[PDB]
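# Survey of secondary and tertiary structure
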Amino acid sequence: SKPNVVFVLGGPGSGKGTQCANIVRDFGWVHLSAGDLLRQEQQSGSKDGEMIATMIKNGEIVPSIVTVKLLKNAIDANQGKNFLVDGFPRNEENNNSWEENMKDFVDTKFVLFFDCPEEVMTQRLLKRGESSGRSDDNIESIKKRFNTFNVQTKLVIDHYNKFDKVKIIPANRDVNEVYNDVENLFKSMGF
Ligand SMILES: Nc1ncnc2c1ncn2[C@@H]1O[C@H](COP(=O)(O)OP(=O)(O)O)[C@@H](O)[C@H]1O
Ligand SMILES: Nc1ccn([C@@H]2O[C@H](COP(=O)(O)O)[C@@H](O)[C@H]2O)c(=O)n1
Ligand SMILES: [Mg+2]
């Protein structure tokens, strides 16, 4: 059987990695964070590394040929699993490249959208910034990540919503309250 795929979207610091860890724990899906895979690719000393580094710091979206390749490598290595793909698609190019490369391999089911205010997301990330040692957890970068979300990614969420394919969870609540709804949703979808 073809894998089920759920895209996990929402702003920087909306809690995507956090909720995805919980789903992995209770449902046994594999968690693919596109941002983390792109970091890993840079730390592994490829030709694209200096490119990826710069784009991450500036909150720009890497060319899809890089990203879709890393997601596909991991997907092909885990036959018989279902996938949470987190922080992807972030723009139209991401999306077109997914449907060009993945369409008859996967059953992409819905977009799980974590809706959260910008001011709350800012505070979360400045707190993760003390200990994360990430290049994009400073105020300069966070604001660049917001704008890219606003200009590029919001259009993608709209696209999936006109096919009734977006499920929205409000994420400005306690972590366990947010997970309660996430778990209820995944159970109701038959997973
Ligand atoms: N519901 C929440 N309330 C408060 N802190 C949270 C909540 N969800 C996540 N966090 C914290 O917010 C920060 C960002 O979480 P993360 O899952 O990495 O976000 P994303 O992947 O969407 O950028 C982390 O420090 C995390 O521990
Ligand atoms: N689909 C994706 C996902 C992440 N990214 C890059 O990785 C950065 C970090 O992503 P996360 O916030 O999701 O960890 C993004 O802000 C962006 O610069 C990307 O270029 N393409
Ligand atoms: Mg993340």
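Calculation rules
- Residues numbered from 1 in each chain as written, not as in the entry; some residues may be left out.
- Chains lettered and ligands numbered in written order.
- Heavy atoms only, no water.
- UniProt positions renumbered as here; feature names shortened; annotations may be inferred.
- Helix = DSSP H or I, 4+ residues; strand = E, 2+ residues; numbered from the N terminus.
- Buried < 20%, exposed > 50% of the residue type's maximum accessible area, 1.4 Å probe, protein only.
- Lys, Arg positive; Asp, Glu negative; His and termini not counted.
- Salt bridge = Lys/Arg side-chain N within 4 Å of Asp/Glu carboxyl O.
- Polar contact = N/O pair within 3.5 Å; in protein donor to acceptor, adjacent residues only side chain to side chain.
- Contact = heavy atoms within 4.5 Å.
- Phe/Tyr/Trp six-rings, centres within 6.5 Å; stacked < 30°, edge-to-face > 60°.
- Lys NZ or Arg CZ within 6 Å of the ring centre and 35° of its normal.
- Near = heavy atom within 4 Å.
- Areas by Shrake-Rupley, 256 points an atom, 1.4 Å probe, with all protein chains shown as cover.
- Pairing = 2+ DSSP bridges.

For the chain, the PDB entry supplies the name URIDYLMONOPHOSPHATE/CYTIDYLMONOPHOSPHATE KINASE and the organism Dictyostelium discoideum. Listed as the entry title in the PDB record is "UMP/CMP KINASE FROM SLIME MOLD COMPLEXED WITH ADP, CMP". As recorded by UniProt, the Function comment attached to the chain reads in full: "Catalyzes the phosphorylation of pyrimidine nucleoside monophosphates at the expense of ATP. Plays an important role in de novo pyrimidine nucleotide biosynthesis. Has preference for UMP and CMP as phosphate acceptors." Quoted verbatim from the Subunit field of the UniProt record, the comment on the chain reads "Monomer."

## Overview of the side chain of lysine 16
With respect to the helices and strands, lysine 16 occurs in helix α1 (residues 16-27). Among buried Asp, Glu, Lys and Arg side chains, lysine 16 stands out as unpaired, with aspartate 86 the closest opposite charge at 4.7 Å. Side-chain polar atoms of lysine 16 contact the backbone oxygen of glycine 11, separated by 3.0 Å. When neighbours within four sequence positions are excluded, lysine 16 is seen to be in contact with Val8, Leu9, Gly10, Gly11, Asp86, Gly87, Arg90 and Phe114.

## Quick notes on the packing of aromatic side chains
Each aromatic ring pair is summarised here by two numbers: the centre-to-centre distance and the angle between the ring planes. Following the criterion strictly, the structure yields 9 aromatic pairs and no others. Ring plane angle 70° and centroid distance 5.3 Å describe the contact between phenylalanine 7 and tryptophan 98, whose orientation is recorded as edge-to-face. In this pair, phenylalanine 7 sits in strand β1 (residues 4-10) while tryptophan 98 sits in helix α5 (residues 92-101), placing the two residues 91 residues apart along the sequence. According to the relative accessible area criterion, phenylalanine 7 is buried, its value standing at 0%. Classification of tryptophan 98 as buried rests on a relative accessible area of 1%. With centroids separated by 6.2 Å and ring planes inclined at 65°, the aromatic side chains of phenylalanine 7 and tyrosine 160 adopt a geometry described as edge-to-face. With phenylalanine 7 in strand β1 and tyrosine 160 in helix α7 (residues 139-161), this pair connects stretches of sequence that are 153 residues apart. Here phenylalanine 7 matches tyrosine 160 in class, with each residue buried. Chaining the aromatic ring pairs together yields one cluster made of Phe27, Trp29, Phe110, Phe186 and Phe191. Taking the ring centre of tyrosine 179 as reference, the NZ or CZ of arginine 25 above it sits at 5.5 Å.

## A closer look at the site of ligand 1
Of all residues adjacent to ligand 1, which total 13 residues, the nearest are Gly13, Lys16, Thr18, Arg128 and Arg173. With the chains in place, 72% of the 560 Å² that ligand 1 exposes on its own is no longer accessible. Mapped onto the shell around ligand 1, the elements with two or more residues apiece are α1 and α6 (118-132). Considering each element in turn, the shell around ligand 1 owes the most residues, 3 residues, to α1.

## Observations concerning helix α2 (residues 34-43)
Looking only at α2, the buried set comprises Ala34, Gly35, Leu37, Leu38, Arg39 and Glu41. In this fold, the buried residues of α2 make contact with β2 (30-33), α3 (49-57), α4 (64-76) and β3 (83-86).

## Some words on the pairing of strand β4 (residues 107-115)
Alignment of β1 against β4, held across 7 bridges, turns out to be parallel. By the bridge assignment for β4, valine 5 is matched with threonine 108. As paired strands, β4 and strand β5 (residues 166-170) are joined by 5 bridges and run parallel to one another. Across the sheet, the residue bridging to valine 111 is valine 166, located in β5.

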